[PDB]
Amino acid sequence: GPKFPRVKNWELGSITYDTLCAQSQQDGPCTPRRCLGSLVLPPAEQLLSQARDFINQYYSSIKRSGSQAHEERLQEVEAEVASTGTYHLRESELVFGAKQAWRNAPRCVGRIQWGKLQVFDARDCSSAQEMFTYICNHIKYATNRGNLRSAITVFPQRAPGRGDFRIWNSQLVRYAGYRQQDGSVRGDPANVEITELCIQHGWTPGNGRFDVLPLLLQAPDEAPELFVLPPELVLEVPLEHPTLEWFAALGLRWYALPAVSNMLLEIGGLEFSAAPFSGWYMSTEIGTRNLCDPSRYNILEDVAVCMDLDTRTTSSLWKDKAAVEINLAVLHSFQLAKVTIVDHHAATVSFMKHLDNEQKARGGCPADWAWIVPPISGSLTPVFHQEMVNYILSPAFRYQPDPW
């Protein structure tokens, strides 16, 4: 057979061969001795070439490969890199390659949509204030009354030893997390450290489970500045359950927009550091991950007592039963504010459609199985049975250090 990896789909029994990975100019975390798939955290020469690389990708997506437009941009960068030691992205490239990056992140079921993404250029940005309105612009656009829209705003790149452009928070939207004199945490304990940095960087706090965090921002070299969001700007959703009348009463809630912010966008060698993006939620992130992880909000037990469930015993499956209902109330509450959501089946079925598109076009789709298969009802979704190949294609997103 072919010498590239073979890829069976145990539901449909169908095979594909991933010829894409042949281009992963970037090593992972596995030796042939062992596999670290599970594992969550894992100067001229090499720039010139990483850049050359992306340009070639670019001209290929506009089908002009090998043509003079091409060898002329290649020499427009050689010029640039040689005599100054960087270069800049013609807007339209930044757009293509900001897509390429979403399309390339092997941990994201959301990709059918990859080609539908609004890139806003924010490369002119020159301050912590300017920064902010850019973001509010982003949020308004992409929240869009409730009819959510994939968006990414891109602030300036790394420069040779010049300050980096950082959004300090991980999301544009987090809830506060307040450490008790107990040892419990009031709010979302996900982000305590940051709730901390907030106060002792100027913020007068709140007293609530869902206190909407204000934004730590930071321009090159300048000290980190602290901006708060317009409240009528920040669309949340009260939660309720179609049938269980008492759910609405638990007083729970999430917020429309899922906006990642703490992550480095890497294109053709250049570094974006502050380039936050946001789509819409899949119902399991809210109702399983954020609301049910015990190292988070962890309601669950709570909901299952009102459920009338036998928790003394593990095997009554109260842990599961309850969580189903949670998600459903996550779903129903969203469906009902006319806000954009998408259940885990719905998402997976379309991610599968995606895999097939990528197949015809690029010859595979990098995937981090553990992350693609939803946190509940794994085996009931189609992806569960698709073997996946993971690898690192560039342009991509990188995890990056916290700025402190």
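Don't overthink the numbering: it's just position in the shown sequence, from 1.
Engineer: Is there a break between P42 and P43, and how many deposited residues does it span: none, 1 to 3, 4 to 9, or 10 or more?
Structural biologist: The entry has a long gap there, with 10 or more residues left out between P42 and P43.
Engineer: Read off the CA B-factors in the entry, average them over 58 to 66 and over 343 to 351, and name the higher stretch.
Structural biologist: Per the PDB record, 58 to 66.
Engineer: Going by the average Cα B-factor in the PDB entry, point out whether 275 to 283 or 179 to 187 comes out higher.
Structural biologist: Per the deposited B-factors, the answer is 179 to 187.
Engineer: Per the PDB entry, which option out of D293, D320, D221, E266 has the greatest Cα B factor?
Structural biologist: Going by the entry's C-alpha B-factors, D221 comes out highest.
Engineer: Which of these has the highest Cα B-factor in the record: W114, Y87, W254, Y297?
Structural biologist: Out of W114, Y87, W254, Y297, the record gives the largest C-alpha B-factor to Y87.
Engineer: Ranking the modelled residues of this chain by C-alpha B-factor as given in the entry, is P106 in the lowest, middle or highest third?
Structural biologist: For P106, the deposited C-alpha B-factor lands in the lowest third.
Engineer: So where's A22 on the chain's Cα temperature factor ranking, which third?
Structural biologist: Highest third, going by the recorded CA B-factors of the chain.
Engineer: Could you look up the Cα B-factor of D121 in the entry and say which third of the chain it sits in: lowest, middle or highest?
Structural biologist: It falls in the middle third of the chain.
Engineer: Rank-wise, by C-alpha B-factor, drop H138 into the lowest, middle or highest third of its chain.
Structural biologist: Middle third by C-alpha B-factor.
Engineer: Within this chain's modelled residues, let me know which third the CA B factor of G363 belongs to: lowest, middle or highest.
Structural biologist: As the PDB entry reports it, the C-alpha B-factor of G363 lands in the middle third of its chain.
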